[PDB]
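First to last, the protein sequences are chains B and A. For the first sequence, the residue numbers in the authors' numbering are 2 to 460, 469 to 693, 696 to 709, 713 to 910. For the second sequence, the residue numbers in the authors' numbering are 2 to 460, 469 to 693, 696 to 709, 713 to 910. All residues carry an ideal CB built from backbone N, CA and C; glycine is no exception.
Number of protein chains: 2
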Amino acid sequence: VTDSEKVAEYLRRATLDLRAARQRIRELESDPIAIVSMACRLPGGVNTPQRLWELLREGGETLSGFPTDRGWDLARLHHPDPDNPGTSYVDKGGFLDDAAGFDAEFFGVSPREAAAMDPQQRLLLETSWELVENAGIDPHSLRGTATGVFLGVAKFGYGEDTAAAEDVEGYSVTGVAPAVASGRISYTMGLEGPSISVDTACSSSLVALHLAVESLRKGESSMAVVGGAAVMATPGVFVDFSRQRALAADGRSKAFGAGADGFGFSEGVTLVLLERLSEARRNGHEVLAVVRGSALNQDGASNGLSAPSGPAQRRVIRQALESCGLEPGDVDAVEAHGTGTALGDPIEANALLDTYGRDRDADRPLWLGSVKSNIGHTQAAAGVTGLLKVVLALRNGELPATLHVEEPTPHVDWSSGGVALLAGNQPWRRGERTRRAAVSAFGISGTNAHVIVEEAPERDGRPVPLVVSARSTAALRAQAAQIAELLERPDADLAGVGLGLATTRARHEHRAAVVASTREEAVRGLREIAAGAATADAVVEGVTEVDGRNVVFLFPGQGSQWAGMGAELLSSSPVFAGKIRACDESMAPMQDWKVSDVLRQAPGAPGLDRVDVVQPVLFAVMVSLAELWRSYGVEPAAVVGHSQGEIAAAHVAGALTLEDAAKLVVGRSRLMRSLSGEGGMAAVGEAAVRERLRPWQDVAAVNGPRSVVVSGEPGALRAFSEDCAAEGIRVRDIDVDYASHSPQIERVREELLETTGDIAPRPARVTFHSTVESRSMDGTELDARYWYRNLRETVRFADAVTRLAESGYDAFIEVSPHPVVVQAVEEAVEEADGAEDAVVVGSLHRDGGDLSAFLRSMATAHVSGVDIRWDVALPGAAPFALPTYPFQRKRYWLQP
Amino acid sequence: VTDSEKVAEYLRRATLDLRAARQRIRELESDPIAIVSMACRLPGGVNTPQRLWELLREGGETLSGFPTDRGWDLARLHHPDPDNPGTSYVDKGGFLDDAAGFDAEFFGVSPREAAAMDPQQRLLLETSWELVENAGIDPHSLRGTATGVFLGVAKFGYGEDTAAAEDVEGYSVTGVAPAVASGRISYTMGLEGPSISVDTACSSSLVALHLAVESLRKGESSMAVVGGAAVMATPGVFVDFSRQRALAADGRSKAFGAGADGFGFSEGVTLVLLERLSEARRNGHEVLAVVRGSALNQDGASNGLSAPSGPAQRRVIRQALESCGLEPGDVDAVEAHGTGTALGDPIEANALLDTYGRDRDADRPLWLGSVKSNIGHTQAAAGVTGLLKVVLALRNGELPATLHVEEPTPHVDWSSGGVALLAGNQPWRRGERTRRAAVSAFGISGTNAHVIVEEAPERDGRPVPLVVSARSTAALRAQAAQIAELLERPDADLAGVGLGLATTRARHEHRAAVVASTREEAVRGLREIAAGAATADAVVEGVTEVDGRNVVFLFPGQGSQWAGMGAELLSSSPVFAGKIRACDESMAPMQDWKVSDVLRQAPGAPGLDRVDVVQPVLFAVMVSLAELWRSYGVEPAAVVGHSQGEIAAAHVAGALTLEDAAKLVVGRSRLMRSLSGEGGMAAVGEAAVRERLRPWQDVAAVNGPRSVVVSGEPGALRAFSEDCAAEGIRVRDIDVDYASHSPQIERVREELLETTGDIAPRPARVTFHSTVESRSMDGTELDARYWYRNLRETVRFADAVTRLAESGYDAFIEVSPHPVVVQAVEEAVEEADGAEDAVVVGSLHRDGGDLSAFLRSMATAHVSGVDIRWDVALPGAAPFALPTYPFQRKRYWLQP
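Following this line, the structure appears as structure tokens:
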């Protein structure tokens with residue numbers, strides 16, 4: 002190597018490090034911050050951003066009379082004379098419809114604590130839940146994450162007049178402390194990021210935003226919850242501002258109007274969720290808009306404590322613009338404060354003229370509007386409201402008109418032409434030019450805040474399962490009804506709805522599942538759930554306390570087979586079909602026919618009548634069903650088998666390889682077929700059975719305290735059956751052409767060992783509770799002699815299930831094409847002194863051997879706490895927007 | 002240039018850019034922050050950090066009973082039964098001594114507003130002023146600066162139990178709003194940095210500190226004010242927590258003690274001043290310690306809302322250590338949040354053992370303590386209080402012992418030995434190993450904060474003026490008493506105290522000044538000021554309203570000469586001697602003597618009798634004094650001269666060069682000598700004298719409405735004197751051998767014009783209000799013809815004085831070795847229509863011409879609003895620490 006190239010490599014490394022350093026500096030200074038969702042409670046029964054957008058664009062108001070359910074004494078409160086004390090001269094204001102409502106149980110709050118709680122905190126809890134739901138995130142997924150909370154909240158004298166009542170738990174404090182406002186959100190959602198509650202007058206919310214941005218840029222918080230709340234429980238503010246004559250007589254905020262005369266106050270709660278743009282892209286979240294820069298400062302020594310200052314506003318605007326490295330011609334509109342104050346509006350307009358309006362393009366003037374003209378003035382939640390207005394304008398591509406600007410104030414020389422007020426709705430559609438806007442807030446204390454916002458960057470008939478959950482039956486019914494209403498539209502994408510329910514919603518104790526192929530059946534089932542009568546077979550429900558289980562796979566013996574089982578699954582399940590094909594190829598150098606042909610009943614294959622064909626086929630089917638179950642996230646904890654089912658279990662446990670299992674099954678099946686028409690079996696008190704059997708010499715298996723199977727020669731079998739039928743319980747016969755688990759087996763031992771003395775077991779990965787020696791077994795112990803013993807000795811199913819049940823296992827999934835052992839398992843569990851909320855489920859049925867039946871089985875399991883990865887059932891689908899949780903509210907108010 | 006050299010240049014630029022970028026990254030992330038000043042108000046009459054240190058090191062307690070001056074109904078309040086409602090079973094706690102006191106006038110707030118004010122805000126104002134003064138900074142110097150304010154404060158209920166009245170200004174709302182708590186600090190001090198108030202339970206202060214550090218690093222603020230306040234207006238907290246039995250029976254916080262049983266509450270306010278270390282070093286501030294890193298987080302879904310969580314504490318400790326890049330072995334002591342709670346303390350100790358205690362060196366176990374055990378609980382200001390104690394420990398190099406630790410708690414295991422409690426004071430002298438400590442805060446809301454701290458980096470008999478000022482006479486006397494007591498100490502430094510007063514204190518309305526050379530004269534003068542009798546000589550007082558003045562310079566004519574004038578100045582003033590020496594050099598090729606000889610009265614120098622020597626000496630002295638005035642920052646707005654004085658003025662203004670002025674003055678002096686013993690002058696209504704003069708043929715000047723000057727031949731002079739003597743007012747004579755401003759002069763006209771025709775005047779940088787033509791003149795017009803006319807035509811001194819007076823000028827300075835026109839100027843301004851507070855002052859006196867007299871003259875000027883740059887008088891002196899303002903307090907309290 003020469004000197005020049007050695008210098009060049011150093012230069013290249015230095016340049017790369019320089020680029021990385023510049024990237025880090027940009028990340029720390031002006032990293033773009035995205036917005037993922039938003040939520041709001043606002044006057045006039047407004048609780049969705051869509052409703053607010055409709056109101057704004059239409060151009061309505063929410064002003065109304067005083068509330069009447071808050072214990073206020075309206076009689077003495079009203080008086081015409083402003084000078085009269087303890088009275089106000091206005092009777093119009095914004096208010097919330099149901100501020101007294103709350104659902105204590107959903108948040109695990111006792112009634113007394115709920116009553117002691119400030120309504121603000123309750124509304125923040127509800128709005129935070131709805132916010133996290135809207136973004137498309139499971140609320141439970143945030144437990145244990147660096148998520149911050151930043152709120153602007155202040156006390157409004159709630160419950161002070163309430164006579165001191167006994168309070169052992171100190172509810173009196175935690176219900177009114179502003180810090181607890183965000184502390185309780187963090188506590189309930191389980192967040193670990195910083196929790197802060199600021200109070201800087203009416204600009205609090207934006208202040209809370211600014212801090213949050215820094216936290217997100219310092220890599221200290223992954224997500225931020227930013228917003229404000231204002232719910233006045235007493236009329237004190239009205240009286241105080243009436244003393245100063247700072248209230249509009251009619252109660253309207255006429256921003257920049259000739260008749261501006263004061264404030265129109267209102268309540269409201271608002272929240273937004275913030276994350277880094279790059280992290281939003283990486284996680285796949287959706288983006289509504291982007292934040293670029295912000296600026297804060299103080300008016301300083303102004304003319305009076307509460308008077309505004311123009312120079313401070315100009316300085317903060319310029320700082321905000323320079324921080325993000327933009328120019329004043331880059332902005333298109335401003336959501337100015339505009340509280341309708343007589344003295345303030347001209348100042349703000351002049352500042353805007355001097356900062357943006359100067360040297361403005363003659364054709365592209367700055368559009369100026371105010372949201373306070375419509376919704377009023379919420380103080381603590383004022384700025385975030387303007388931000389939300391800007392976001393809605395961006396999404397809908399339109400600029401709502403601002404009200405009461407028919408006659409602009411003469412004090413601002415609009416002849417300059419740099420700015421213009423939105424007298425009517427203006428299209429703001431996307432195009433080559435970038436869209437940007439600016440939001441402002443000016444606290445009475447003197448702090449000012451200015452923020453810049455920019456547009457976001459440019460961007469079959471198979472079975473469908475649907476899951477729904479809630480914490481109460483009424484809530485579950487309401488949820489089902491809401492989903493039904495949603496699905497009745499022609500636009501709904503059934504797969505999208507299913508995926509959204511499966512992945513973007515939390516799982517509560519009350520659960521209900523519906524598998525459907527068309528929307529009509531789905532809505533029918535949802536109506537059944539809402540009405541409380543789940544008669545249909547496509548609807549299941551349940552209630553559970555634990556989100557997990559200890560799953561066990563049961564592998565039964567004969568009886569489950571039936572012609573055509575698995576035909577549909579072959580075409581519908583690539584995993585199952587692949588397992589069957591693999592088993593076919595593995596079994597290939599032992600025989601001619603293929604299980605794949607047998608299932609389809611193709612031309613030229615044996616039927617399900619000879620042992621040598623049924624046993625391998627059942628083995629293959631059962632293994633494939635086990636693979637399918639595992640595919641959906643259900644990894645077994647232990648495996649149990651019945652007779653040759655043990656083989657399959659061993660293959661599932663990993664102790665054996667597929668080829669060895671095929672050899673074993675083929676061997677045993679052929680050597681058993683060698684005994685065609687030489688023995689029999691029948692079904693049925697173990698001791699009583701043995702005593703009755705003594706007279707002869709011909713016990714096979716034990717399935718419970720009363721279920722018993724007997725085997726042996728035909729003649730003695732008939733003799734015993736005749737006696738038993740003449741004494742009591744029936745003797746049900748079995749379809750088989752031999753006698754198993756009997757001395758008859760002794761003859762064929764040597765050939766079996768000759769054939770199968772070459773298998774090489776392995777260590778196990780899943781507990782293999784053998785039914786032969788009744789204990790956990792090491793994979794090494796399963797040799798040819800073990801399988802001879804398994805074939806020879808008696809079967810102990812009841813004992814195995816009992817040992818498993820009292821060991822802490824509570825879920826039992828029999829892997830078979832038909833339920834034949836569920837009943838015995840249920841009876842044993844009931845007689846067992848183990849977990850009482852056990853769940854037992856089959857896999858398929860004699861009929862309905864299609865994917866839908868398997869999904870119904872999985873839903874029956876899921877509604878009982880077993881985890882399922884429903885997303886697997888919905889390949890290629892995209893999630894869909896859904897409504898929020900239907901809270902069941904009650905009244906909680908502390909009255910004097 | 003070879004390829005290698007160019008590649009080397011590219012490489013060098015890349016490397017330097019990379020290094021600068023890494024520096025920028027470090028500045029943004031973990032730039033060290035310095036502490037410059039601190040202030041506190043605490044129980045037991047503790048109002049200074051020094052008192053707190055004394056208390057802690059001695060190991061005292063401030064516990065006391067409930068206040069009796071807040072209106073609380075004590076009889077009903079106290080009761081033993083815990084469950085009896087509306088009563089408290091604890092009767093001891095920490096309280097401030099003068100919560101109700103406040104100085105209203107100083108902060109410019111009316112008594113009614115102050116009464117409506119929350120005491121917290123008042124104490125915040127006082128403590129903020131004291132904090133800014135302690136740093137060694139003029140509070141008025143922060144006006145128009147980007148200084149942020151961050152506080153942790155919450156409401157307690159001042160004013161709810163009173164009746165609403167006429168509040169036209171909104172005092173009821175403004176007084177109690179927490180946002181206004183910081184808004185008022187910003188407003189009164191004229192700061193433009195962000196003002197933010199937070200509430201996060203007991204950890205609010207450290208959260209504010211974290212935010213302030215972030216803001217300082219971002220460059221958003223130049224300096225930050227951080228701290229908290231907690232004043233208990235009503236006994237709600239006590240009764241409330243009594244309902245829960247959460248309070249200690251004795252009210253003593255036995256942190257980490259076997260007897261810990263609950264809380265003990267106290268009131269307190271604390272503040273600290275922060276700025277980047279490099280900025281403090283560059284500006285030259287004092288550094289008390291360095292803050293390195295901090296971390297905030299939340300308990301998350303802990304065991305209950307109010308319960309603590311150890312894992313969160315460990316996480317925040319690790320984040321705090323990692324933020325600045327340190328190791329647990331680098332910390333020598335921690336100040337826990339030990340509140341004396343049985344549950345909490347073991348958890349915190351266990352968390353500490355797992356982070357610093359793990360793998361800890363066996364010869365330096367981490368020292369553990371808690372300040373709360375001494376001053377109880379401070380709630381909102383708790384965190385910052387701990388930070389205080391550490392800093393003091395750093396400054397004094399000692400760790401105070403902790404109280405109530407006679408028997409450590411058994412729940413925690415100290416056998417590990419990684420952590421040890423501070424049973425007794427431990428020497429902590431500065432040495433090779435760096436000293437570091439940590440502070441912790443855990444709020445009930447669930448927010449946990451951790452911070453790290455490090456020690457700061459390593460580092469005649471002339472006259473002296475002492476200045477004092479205040480907004481009230483009583484405050485001024487109190488200040489003077491404080492300064493005298495400071496000087497009475499043996500360690501007191503005179504120059505340091507003088508400079509500290511000059512540069513580190515704001516200048517207020519009422520002012521006083523004492524010039525002294527020894528501490529004895531100083532202390533006596535201060536005592537006389539404190540007595541209210543300014544009878545002494547080296548003491549001046551006054552009251553001024555404006556901080557500036559339109560100053561004017563006055564140059565009198567003959568009369569101010571005397572023997573020995575300027576002897577002390579030649580030695581005690583380099584500027585004066587330099588200017589006079591320059592004049593001598595400029596004067597060399599016209600004469601032989603040096604004016605220095607005449608002033609020193611060196612042998613062989615002409616006496617002050619011959620007119621050919623007197624005038625140039627006055628010229629030189631006047632220009633030298635003008636330069637002396639300039640050097641102290643007293644720049645003249647305009648100049649005015651009497652007779653030859655204009656020449657001097659012309660040099661001060663800049664129209665004439667020193668050499669040219671010497672030429673003109675020497676020529677005039679010689680031509681006047683040429684007419685020795687041929688004329689006379691005498692002093693004296697202009698009309699009354701003009702009507703008298705008609706008979707003869709000889713008027714010289716006009717000094718005022720009655721003061722007039724006459725010149726003429728000896729015979730007519732004596733005749734006029736005889737006539738006026740037998741008619742009334744006297745006629746003073748003048749010592750001179752000629753007649754000036756008369757037809758006599760016309761003889762020597764042409765020779766004067768020829769000799770002095772080489773001058774080349776220039777534009778004048780300062781207004782030159784010529785008295786020859788009664789208006790301002792440009793320099794270029796001042797030719798030899800003009801100067802001949804000056805020597806010839808009458809003077810209009812009074813008219814010039816009046817015109818300058820009514821034109822807005824208010825301060826007149828007579829730059830001369832003796833005042834000869836002070837009375838006339840004072841009268842002239844009296845009958846004018848300008849400012850009524852015009853100040854007039856001389857420069858020296860016949861009796862006394864040393865630097866001290868000139869300083870007294872400048873003090874007489876300064877006490878009337880004229881700015882002076884005193885620090886020039888105190889070169890090299892190191893500033894000295896001084897006490898803060900002596901607030902005069904009155905009771906303001908809203909009673910039920």
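From the options, residue whose alpha carbon lies closest to that of residue i
| i | options | result |
| --- | --- | --- |
| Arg883/B | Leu508/B, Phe151/B, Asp300/B | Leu508/B |
| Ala493/B | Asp747/B, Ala531/B, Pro474/B | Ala531/B |
| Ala670/B | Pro615/B, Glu577/B, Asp772/B, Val643/B | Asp772/B |
| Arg27/B | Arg277/B, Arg703/B, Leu43/B, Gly66/B | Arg277/B |
| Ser303/B | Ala296/B, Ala313/B, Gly294/B | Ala313/B |
| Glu59/A | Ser65/A, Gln51/A, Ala825/A | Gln51/A |
| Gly263/B | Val270/B, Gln245/B, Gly269/B | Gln245/B |
Supposed close pair residue i, residue j - CB separation, criterion 8 Å
| i | j | result |
| --- | --- | --- |
| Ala658/A | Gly793/A | Between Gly793/A and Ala658/A the Cβ distance is about 11 Å, and since that is not below 8 Å, they are no contact. |
| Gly575/A | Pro831/A | 7 Å |
| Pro775/A | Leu796/A | 5 Å |
| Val199/A | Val199/B | 6 Å |
| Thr410/B | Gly258/B | 7 Å |
Residue i classed as buried or exposed, judged by whether at least 16 other C-beta atoms fall within 10 angstroms
| i | result |
| --- | --- |
| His79/B | exposed |
| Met118/A | buried |
| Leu75/B | exposed |
Enumerate, from N- to C-terminal direction, the unbroken beta strand (DSSP E) stretches of 3 or more residues contained entirely within the region 400–438 of chain B. 420–422
With 7 Å as the limit, tell me which residues of the region 166–183 of chain B have their beta carbon closer than that to any beta carbon of chain A; keep them in chain order. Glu167, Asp168, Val169, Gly171, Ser173, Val174, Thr175, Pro179, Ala180, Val181
Whole beta strand (DSSP E) runs in the region 210–281 of chain A with 3 or more residues, listed along the chain? 224–231, 269–277
Entirely enclosed alpha helix (DSSP H) segments - the region 71–120 of chain B, minimum 4 residues: 75–78, 112–117
Report the start-end ranges of each alpha helix (DSSP H) in the region 590–674 of chain B that is 4 residues or longer and not cut off at the edges. 604–609, 620–640, 654–662
Residues of the region 4–31 of chain B with Cβ closer than 8 Å to any Cβ of chain A, in chain order: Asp4, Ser5, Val8, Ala9, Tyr11, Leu12, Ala15, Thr16, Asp18, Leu19, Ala22, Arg23, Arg25, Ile26, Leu29, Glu30
Please specify which runs of the beta strand (DSSP E), each continuous and at least 3 residues long, are wholly inside the region 540–591 of chain A, giving them in chain order. 548–552, 560–564
Please name the residues in the region 427–459 of chain B whose beta-carbon is closer than 7 Å to at least one beta-carbon of chain A, in chain order. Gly444, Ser446, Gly447, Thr448
Would you list, in chain order, the members of the region 86–104 of chain A that have their beta-carbon closer than 7 Å to a beta-carbon of chain B? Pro86, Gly87
Members of the region 298–321 of chain A that neighbour chain B once the beta carbon cut-off is set at 9 Å: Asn298, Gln299, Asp300, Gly301, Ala302, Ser303, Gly305, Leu306, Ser307, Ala313, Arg316, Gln320
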